Amino acid sequence: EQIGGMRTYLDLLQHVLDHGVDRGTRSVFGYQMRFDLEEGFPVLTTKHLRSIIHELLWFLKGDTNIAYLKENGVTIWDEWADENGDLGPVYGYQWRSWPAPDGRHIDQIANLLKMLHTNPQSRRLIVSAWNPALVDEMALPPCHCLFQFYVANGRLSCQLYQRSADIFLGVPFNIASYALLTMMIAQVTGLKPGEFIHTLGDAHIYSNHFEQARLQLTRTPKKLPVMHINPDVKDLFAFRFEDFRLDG
Amino acid sequence: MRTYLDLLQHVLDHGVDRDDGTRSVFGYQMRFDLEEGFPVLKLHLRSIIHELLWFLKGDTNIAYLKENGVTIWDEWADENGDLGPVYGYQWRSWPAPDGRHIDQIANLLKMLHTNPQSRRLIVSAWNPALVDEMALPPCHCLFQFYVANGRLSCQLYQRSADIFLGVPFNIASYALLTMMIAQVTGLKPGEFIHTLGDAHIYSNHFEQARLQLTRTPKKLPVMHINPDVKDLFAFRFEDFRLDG
């Protein structure tokens with residue numbers, strides 16, 4: 001009985017191969033995975049972490065300019081940058097500066113942190129990157145629409161709603177990122193990591209990966225490495241790359 | 001409806017007790033194949049139907065509901081019968097930064113015709129610019145549609161779910177919406193996927209929920225929809241009949 005993060009991901013891989021409907025992609029609509037963050041850091045790649053951490057710090061700064069990423073050798077957002085390196089209203093902007101009609105900006109992250117301190121049992125510990133007023137004008141509307149937190153038994157859990165998920169090339173990165181974010185938020189709120197719950201809308205695999213996805217279905221799952229986070233950081237916005245260390 | 005009972009059973013057996021008392025889990029997902037019948041899991045549908053039709057009209061005034069003896073929203077209405085920026089307003093009139101209003105429903109219907117394979121067939125009722133001033137922030141945050149093999153599926157993200165008193169109604173409402181949309185877009189009903197955040201049951205309901213686990217599950221009724229309706233916004237209460 002192989003049970004763990006890799007298996008849960010491998011189960012998704014397998015479900016979409018067996019029951020997915022092609023359209024190359026192959027897809028299902030609606031899926032949900034749970035990862036116990038206490039078991040280890042959900043590295044679900046057979047095979048960079050640098051991109052993951054820097055991207056996440058980049059999100060949290062509210063930056064939508066590719067420069068900080070390029071400065072730290074992260075290229076994942078290059079192909080969407082305009083002449084000035086701007087991306088438009090992507091995650092950082094939505095998270096830190098959600099534009100209200102009256103010109104105010106809603107710092108959803110700071111609001112979440114305040115709400116976690118004052119009302120951890122709240123049922124609206126929510127950050128949304130899905131803004132109907134802006135998605136039509138984005139070349140790449142946010143795939144990670146909305147995420148919600150929950151606090152029970154001193155543990156912080158996070159559920160992500162992801163409208164579109166390439167299960168083979170995207171989902172492992174997606175998982176690592178929000179698991180890391182959950183861990184960072186748990187730390188600064190004095191909570192232990194709970195679960196990351198990954199909910200998928202269109203969960204798909206392209207036809208050029210149909211055969212590879214099977215190379216993973218037989219693979220023996222390795223022990224999850226531990227993500228070590230500098231325990232002194234109490235300000236979510238003050239994290240640095242060096243604050244993180246993953247086994248191996 | 002086994003799927004629903006499994007929900008009650010899972011939360012009752014594995015949920016955590018927190019006093020505000022509820023027992024809860026975080027993150028749950030149920031699938032209902034709408035071709036198997038209408039997922040009504042006795043419950044009074046008239047309020048569900050009127051409320052949905054009311055959402056579809058986009059008005060925040062309770063007048064249509066009052067006129068039809070539907071009381072769901074009474075406690076939240078002001079002297080004039082106005083509510084805040086509730087579902088109908090966010091769905092039909094999402095307030096854009098620049099001062100425009102986004103008809104997410106009209107845009108949805110457009111997109112279903114023009115790009116049925118779209119991965120962003122989304123309607124959101126979760127507005128960070130509004131939620132902190134609302135007396136009742138929307139529990140139904142966001143829903144997404146999906147088209148495969150001539151079938152329309154819908155996934156709802158519900159942040160807070162009273163599994164005993166609320167969920168059955170929530171399922172009915174979105175199942176019905178999916179069927180209405182499928183009809184007017186030339187599609188067959190697919191599945192309704194219900195994703196829950198904080199899925200809870202209040203302690204005063206523990207035993208009634210336990211008792212519901214015993215009930216022998218019956219064939220689902222069929223929701224008959226006036227086949228002559230070709231415009232989502234032309235549906236009226238009389239166009240729906242639950243039989244069987």
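Naming: A, B, ... by sequence-line order, numbering from 1 per chain.
Note on A/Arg155 versus A/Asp36: salt bridge recorded, some NZ/NE/NH1/NH2 to OD/OE distance being below 4.0 Å. Looking at A/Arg124 and B/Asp198, no side-chain N of the basic residue comes within less than 4.0 Å of a carboxylate O on the acidic one, giving no salt bridge.
Counting only distance, with no hydrogens or angles, the side chain of A/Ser157 and the backbone of A/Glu195 share a donor-acceptor pair below 3.5 Å. Remark: the backbone N or O of A/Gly30 is paired with a side-chain donor or acceptor of B/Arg31 at under 3.5 angstrom. A donor-acceptor distance shorter than 3.5 angstrom exists from the side chain of A/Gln159 to the backbone of B/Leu196, with no hydrogens or angles considered. A side-chain donor-acceptor contact under 3.5 Å links A/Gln108 to the backbone of A/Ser128. A donor-acceptor pair under 3.5 Å is formed between the side chain of A/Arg163 and the backbone N or O of A/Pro142. Between the B/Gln144 side chain and the B/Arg119 main chain, a donor and an acceptor come within less than 3.5 Å of each other. With B/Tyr4 contributing its side chain and B/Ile163 its backbone, the two residues share a donor-acceptor pair below 3.5 Å. Checked by atom type and distance alone, the side chain of B/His200 pairs as donor or acceptor with a backbone atom of B/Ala161 at under 3.5 Å. Of the possible polar contacts, one joining the A/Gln162 side chain to the A/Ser164 backbone as a donor-acceptor pair under 3.5 Å is found. Panel note: side chain A/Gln94, backbone A/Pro89; a donor-acceptor pair is recorded below 3.5 Å.
Across all their heavy atoms, B/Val40 and B/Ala172 have their closest contact at CG2-CB, 4.4 Å. Taking both residues in full, the closest heavy atoms of B/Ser173 and B/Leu52 are given as O-CD2, 3.4 Å, listed atom of the first, atom of the second, then distance. The heavy-atom pair separating A/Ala129 from A/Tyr91 by the smallest distance is CB-CD2, 3.6 Å.
The shortest distance between side-chain heavy atoms of B/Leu187 and B/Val147 falls below 4.5 Å.
In this structure, CG in A/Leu156 is found 6.0 Å from CG in A/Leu116, a value given to the nearest 0.5 Å. Taking CG of A/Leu44 as the reference point, atom NE2 of A/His198 lies at 10.5 Å (rounded to 0.5 Å). Atom CG of residue A/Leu17 and atom NE2 of residue A/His19 lie 11.0 Å apart, to the nearest 0.5 angstrom. Between atom CG of residue B/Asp162 and atom CG of residue B/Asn170 there is a gap of 8.5 Å, rounded to the nearest 0.5 Å. Considering CD1 of B/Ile102 and OG of B/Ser93, their distance stands at 9.5 Å, rounded to 0.5 Å. Residue B/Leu41 holds its CG atom at 6.5 Å from CG of B/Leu220, rounded to the nearest 0.5 Å.
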Subject >> Intermediate values then yes/no, side chain to side chain contact (heavy atoms under 4.5 Å, CB included), B/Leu53 and B/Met180 >> reply: CA-CA 10 Å; B/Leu53 298 181; B/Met180 295 164 60; 4.0 Å; yes
**OP:** Dump the intermediate steps for side chain to side chain contact (heavy atoms under 4.5 Å, CB included) on B/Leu65 and B/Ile72, then the final yes or no.
**Re:** CA-CA 8 Å; B/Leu65 303 176; B/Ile72 299 172; 5.7 Å; no
Subject >> Derivation and outcome, ring-ring contact (aromatic ring centres under 6.0 Å, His included), residues B/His140 and B/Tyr157 >> reply: CA-CA 6 Å; B/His140 306 133; B/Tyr157 186 87; over 10 Å; no
**OP:** Please step through ring-ring contact (aromatic ring centres under 6.0 Å, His included) for the pair B/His224 and B/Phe240, ending with a clear verdict.
**Re:** CA-CA 6 Å; B/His224 303 270; B/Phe240 303 90; over 10 Å; no
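Using bins of under 30°, 30° to 60° and over 60° for the plane-to-plane angle, the ring pair A/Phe35/A/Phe196 lands in the parallel bin. Using a 30° and 60° split on the angle between ring planes, B/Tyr146 and A/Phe29 fall in the parallel class, below 30°. Taking the six-membered ring where the residue is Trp, B/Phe143 and B/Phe145 present perpendicular rings, their angle passing 60° and hence far from 30°.
Between B/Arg18 and B/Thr22, the side chains place no donor N or O within less than 3.5 Å of an acceptor N or O (distance only, hydrogens not considered).
No more than 12 heavy atoms of other residues, nucleotides or ligands sit less than 6.0 Å from atom CG of A/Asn153.
With a 6.0 Å cutoff to the six-membered ring centre and a 45° limit on the axis angle, A/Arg26 does not count as a cation-pi contact of A/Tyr206.
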